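Take a look at this one chain, the form deposited in one PDB entry, written out in C-alpha cells.
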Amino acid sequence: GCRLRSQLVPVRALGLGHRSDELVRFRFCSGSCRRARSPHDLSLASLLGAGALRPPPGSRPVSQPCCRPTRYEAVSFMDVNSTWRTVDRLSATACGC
C-alpha cells in the first residue's frame, strides 16, 4: 500500500555532493496504487495484457497511479567540519496516488 517510508541514511548517500557521516531522517513514498485504478486504467491494462497496443517510443505506459510525495520538508545535518547545513524540500512528509 502507498504510504510514507522512513529510514536513517548517511548524508553522503543523498547525492548532495556532501561529505558526512550523520544518519539523518529521510522519508519518501512507495507502495501499490492499483486500487486507484480508473476505467481508463482498467482498459489500458486490458489492451496491454493482450498486446493490443504497439509499444509507444520509450518507456512502457504505466496503468495505475504512482505513489508520490505530495508535501515536503527540509533535511538538516552536521557536515564533516561539524557545521550545520540544510537542504530544502529534500524529504517527503505526505504521499498519495
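Just count from 1 along the sequence shown to find any residue number. Think of the rigid core as the biggest set of C-alphas that the two forms share within 1.5 Å after superposition.
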Compare the mean C-alpha B-factor of 60 to 68 with that of 45 to 53 as given in the PDB entry, and name the stretch with the higher value. 60 to 68
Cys2: C-alpha B-factor third of its chain, per the entry, is the highest
Divide the modelled residues of the chain into thirds by Cα B-factor and specify which third, lowest, middle or highest, holds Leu16. highest
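What comes next is about the form deposited in another entry, which is not displayed.
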Would you tell me if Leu53 moves between this form and the one not shown by 2 Å or more at its C-alpha, with the rigid core held superposed? yes
